[PDB]
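**Student:** My structure is below; once you've seen it, I'll send some questions.
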Amino acid sequence: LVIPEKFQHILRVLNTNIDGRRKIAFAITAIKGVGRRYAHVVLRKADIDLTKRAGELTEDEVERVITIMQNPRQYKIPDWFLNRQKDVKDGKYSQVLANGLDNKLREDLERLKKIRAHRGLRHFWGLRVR
Amino acid sequence: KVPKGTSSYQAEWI
Amino acid sequence: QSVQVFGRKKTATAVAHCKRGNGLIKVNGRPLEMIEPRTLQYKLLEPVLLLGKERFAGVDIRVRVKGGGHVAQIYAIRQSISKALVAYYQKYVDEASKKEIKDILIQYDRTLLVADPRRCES
Amino acid sequence: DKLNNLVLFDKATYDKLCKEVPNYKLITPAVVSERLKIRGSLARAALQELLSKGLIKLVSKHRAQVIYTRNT
Amino acid sequence: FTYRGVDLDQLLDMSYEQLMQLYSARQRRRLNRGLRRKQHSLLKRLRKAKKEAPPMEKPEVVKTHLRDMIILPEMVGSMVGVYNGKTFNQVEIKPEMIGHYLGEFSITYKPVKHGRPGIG
Amino acid sequence: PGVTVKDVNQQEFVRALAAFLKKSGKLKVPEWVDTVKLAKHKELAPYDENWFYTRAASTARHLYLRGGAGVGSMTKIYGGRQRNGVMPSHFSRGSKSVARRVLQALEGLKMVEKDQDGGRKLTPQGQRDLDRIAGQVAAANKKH
Amino acid sequence: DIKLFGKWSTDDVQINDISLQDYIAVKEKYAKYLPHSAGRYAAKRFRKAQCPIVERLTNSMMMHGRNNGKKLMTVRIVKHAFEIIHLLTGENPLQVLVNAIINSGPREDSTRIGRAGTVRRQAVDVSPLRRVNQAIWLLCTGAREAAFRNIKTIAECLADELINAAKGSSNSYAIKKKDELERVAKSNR
RNA sequence: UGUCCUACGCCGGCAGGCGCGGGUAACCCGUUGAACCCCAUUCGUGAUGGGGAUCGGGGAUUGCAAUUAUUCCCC
């Protein structure tokens, strides 16, 4: 392979630093809320060859990967694959991202304290739930 | 700080 | 005009049927180079490489193999092929060729004629 | 200390690849990865490129170890 | 307040078989299997206590040993005490907790505070 | 010109059959092949972009070698290690719908025939095709 | 003629030390096509001296617990290591193996005499069979710690250990351990 | 081993559902189509794609009842 001049050593995506020297799938996996399965399927849906590295990508490809990652369902990602299927509040099939996981984990925890369920009080003392 | 209807058995939980 | 022998290792039993042929060595409808552990391939060409294709000129041999694993099946294959050639030269060829081939094979290795009595124990 | 390897080539690295590599008598991805501190994936990519070019002979191909030879 | 994008009023006026799409798998399986006579008796008891209340006052407390109740949207506003093996715990039925069982609101054990260990 | 499938390198035969199915053009490919997982014990999506053709080719060759096999037997064939966590590993069958739609696509290619016995077998024209690719690999192997 | 892995000659192998000559079993009747034979070799005492030495090296290569039953892997690693030896040195890799075994095995060793509490050791001679066995064990162990966490494949490290032991340089693990054992034995006497 | 063991087809991402047959058993499961192992692909010495605990959501069975996660599946 040859030396690409337009190589980004570090990517700055979604309040997250991404190691650009890594493979594309596992660099997308490096953020919260995206594992290897989700990164592989969103990269297959983006019509991008999986053999490339993360830094030597053009900006339009990066922004369309982010676009498909943000809104999965109307880009033909099926509604059994997403992280949050039925939210308690709005009930929308939504795949949440790095700030989204932490925000919605906190809101689920605080509504469980408001409910005063056994799980919420167990989380409050800080013991095993399962 | 105890809720209105809870018992001591669960007041020690809070 | 044909002979039927068997060869066992642990559980694997390979039955060899030998007859007048044209120089083809066949197992389970597959060529001998076409058995999936190619790492252990030279063990199963040991009769052929030891004895040459000249004495395998007019011999047709088929081997069908039951049971065992992979390595035990290969040892059963080579033992069955060797016993088939020995019995064929016993029944249809002279005795001097028999003792010559047996001497070569025994001075190479003992397992290729007599089977290991050891098997999986309770 | 940690090991830092290049996932992509450098100009000096490519100069030592096209010239200083195919006179190492024996060639494996491990030795070319350790002499020049190159990531192993880039190492097999480089060796495949050099084999396609025809500057380096091939002895053995396997799932674990591949053995190449300096041409003459 | 909203529950799967559905507000409480159209939760109450909705018929029974559209609630068989809006719960989790466990609650759907339970309510599809059918509720026992004790569930239905407590249901009448709770609706009777809710109708026989002053408008400004909370309903009268209904005490029960039932811990496998699934909170339907009909019981929002009920004043319910649940037995946990030793003592009743009295609770308001809030609408954000319909997708839960009653028995998890009365914990049946005490949190462990470790003392100084003895001889061993 | 008398050759047999059994006298051919099986891996290269599968690759050549997959190539023949790919350049054949007509084949019923489901739309979810890029999102599917091929077993409950497998972890990731397969690296090969055209794994469906290779799977169909291996299916056709397996029906050649031993016919009368249904979907359950085909899931039994492609099973593997379920790595059950900290639990000891076990054996698990493959995905049922993937094998079922492989067989449905192949009988849509009139290569697989439904049986009165209960399972499925290989059509004679499919056998002629398998012999043709077998001869192709034999010619490309004994002459190279 | 019988060639190991179909290519490697055995008549060029010469034994330098005659004390180990009757135990390094490689030369004429003991040369085989493959290291794999699966013969009953531990049934009776001193029967393992009749074993081909490549089979001994293979059998001492599966020692660690996660590889404790896999033999085809060990024989392909032996094949690859012989390839690495042949391209590095240019000699017969069987000769390199024999030279490594000769230069690796310790000649004298310390031992405990007396009762439990006697913390002084007496230096005694080492049997030729034990010398060959411990040489093979040390070469395989050098291949193990030579390749635990590194890019280098264990076939390459086994070849490197064999070449370093055949050359007698102070880089092999077996050579260092042999020197340490002989120095300890010379200090004890 | 089996009157709960399952063959076959369909609906299914997958746990699983539906219609059907055999087996009170050297007959049907079952030539028990096992896993290691073998051959190719990617990874490349770092808490890593090793390791999977612990958690957040959904779905399906078992059972009068799974809330203190019975179990299994999918992110």
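One is the number of the first residue shown, and numbering goes on along the chain from there.
Each Cβ is built from the backbone N, Cα and C atoms, and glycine gets one as well.
Sharing the feature lines straight out of Swiss-Prot:
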type	residues	note
MOD_RES	D:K2	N6-acetyllysine
MOD_RES	D:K11	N6-succinyllysine
MOD_RES	D:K11	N6-acetyllysine
MOD_RES	D:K19	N6-acetyllysine
MOD_RES	D:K25	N6-acetyllysine
MOD_RES	D:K53	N6-succinyllysine
MOD_RES	D:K53	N6-acetyllysine
**Student:** What is the total of other Cβ atoms whose distance to the Cβ of D:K11 (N6-succinyllysine) is within 10 Å?
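**Tutor:** D:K11 (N6-succinyllysine) is surrounded by 8 other Cβ atoms within 10 Å.
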**Student:** Quick check on the modified residues: of D:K2, D:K53, whose CB has the lowest count of neighbouring CB atoms inside 10 Å?
**Tutor:** D:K2
**Student:** Validating a neighbour-count step here. Other CB atoms within 10 A of the CB of D:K25 (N6-acetyllysine): how many?
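**Tutor:** There are 10 of them.
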**Student:** Measure from the Cβ of D:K19 (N6-acetyllysine) and count the other Cβ atoms within 10 Å, all protein chains considered.
**Tutor:** 9
**Student:** When the Cα-Cα distance from D:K53 (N6-succinyllysine) is computed for each of the modified residues D:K2, D:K11, D:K19, D:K25, which gives the smallest value?
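**Tutor:** Closest by Cα distance to D:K53 (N6-succinyllysine) among the modified residues D:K2, D:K11, D:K19, D:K25: D:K19.
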**Student:** Which whole-number value in Å describes the distance between the Cα atoms of D:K25 (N6-acetyllysine) and D:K19 (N6-acetyllysine)?
**Tutor:** 13
**Student:** How many Å lie between the Cα of D:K19 (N6-acetyllysine) and the Cα of D:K2 (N6-acetyllysine)?
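**Tutor:** So the alpha carbons of D:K19 (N6-acetyllysine) and D:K2 (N6-acetyllysine) sit roughly 28 Å from each other.
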**Student:** Would you kindly give the Cα-Cα distance separating D:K11 (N6-succinyllysine) and D:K2 (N6-acetyllysine), rounded to the nearest Å?
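**Tutor:** Cα to Cα, D:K2 (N6-acetyllysine) and D:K11 (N6-succinyllysine) are separated by 23 Å.
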**Student:** Looking at the modified residues D:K2, D:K11, D:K19, D:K53, which ones have a CB within reach of chain G, meaning under 8 Å Cβ to CB?
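**Tutor:** So none of them sit by chain G.
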**Student:** Where does D:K19 (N6-acetyllysine) sit in DSSP terms: helix, strand, or coil?
**Tutor:** helix
**Student:** Near chain A, which of the modified residues D:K2, D:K11, D:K19, D:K25, D:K53 can you find when the cut-off is a Cβ distance under 8 Å?
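**Tutor:** Listed modified residues passing the 8 Å Cβ cut to A: D:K11.
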**Student:** Tell me the coarse DSSP state (helix, strand, coil) of D:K2 (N6-acetyllysine).
**Tutor:** coil
